[PDB]
Amino acid sequence: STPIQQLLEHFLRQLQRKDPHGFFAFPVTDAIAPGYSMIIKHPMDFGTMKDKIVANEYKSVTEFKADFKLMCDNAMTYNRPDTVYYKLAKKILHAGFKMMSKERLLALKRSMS
Ligand SMILES: COc1ccc(OC)c(-c2cc(C(C)=O)n3cccnc23)c1
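Encoded structure:
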């Protein structure tokens with residue numbers, strides 16, 4: 138593993154801790170969510186993100202964070218506010234923004250001096 142891959146694997150593991158049953162860890166099928174593939178044009182999940190890390194397909198934390206945002210937006214757009222899935226997306230969203238805040242990222246860039 139590389140240093141960038143170590144860092145992104147760590148952020149990913151912290152996000153997955155918020156979803157202990159893995160509802161965000163695999164692609165959502167139309168069989169479990171009617172009409173999903175017509176409503177959500179750009180699917181994303183934590184399994185897909187892990188694969189991208191392993192392929193060194195992320196060049197920056199910004200690129201990783203974009204996928205995290207996408208996964209949350211899809212869940213908040215497809216699902217109604219009363220559902221488990223909408224509430225869990227919001228929980229993951231707040232955690233990710235605290236962990237990868239522009240301030241934390243700046244401090245870490247300084248730790249490399
Ligand atoms: C309750 O068991 C599971 C198992 C796997 C899931 O998606 C991978 C989901 C699931 C995950 C989602 C999401 C992420 O929107 N979802 C929406 C509607 C109905 N089911 C789901 C639920």
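Position one of the sequence shown corresponds to residue 138 (the authors' numbering), numbered consecutively onward.
From the three backbone atoms N, C-alpha and C, an ideal C-beta is built for every residue, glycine too.
Which of helix, strand or coil DSSP assigns to residue i
| i | result |
| --- | --- |
| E200 | helix |
| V165 | coil |
| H179 | coil |
| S174 | helix |
| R241 | helix |
| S248 | helix |
| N211 | helix |
Assumed close pair residue i, residue j - CB separation to whole angstroms, cut-off 8 Å
| i | j | result |
| --- | --- | --- |
| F160 | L225 | 7 Å |
| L242 | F205 | Actually they do not touch by this definition, with Cβ atoms about 14 Å apart. |
| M237 | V191 | With 8 Å as the limit, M237 and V191 do not qualify as a contact, their Cβ atoms being about 20 Å apart. |
First and last residue of the uninterrupted alpha helix (DSSP H) at residue i
| i | result |
| --- | --- |
| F160 | Unbroken run through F160: none, as it is neither H nor E. |
| residue 134 | Residue 134 is absent from the structure shown; the chain starts at 138 and stops at 250. |
| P140 | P140 to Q153 |
| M236 | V221 to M236 |
Quick one: any contact between the segment 148-155 and the segment 165-182, if contact means 3 or more CB pairs under 8 Å? no
Check whether the segment 229-245 touches the segment 163-182, counting contact only when three or more Cβ pairs, one atom from each stretch, lie closer than 8 Å. No, because fewer than three Cβ pairs between the segment 229-245 and the segment 163-182 fall closer than 8 Å, the two stretches do not touch.
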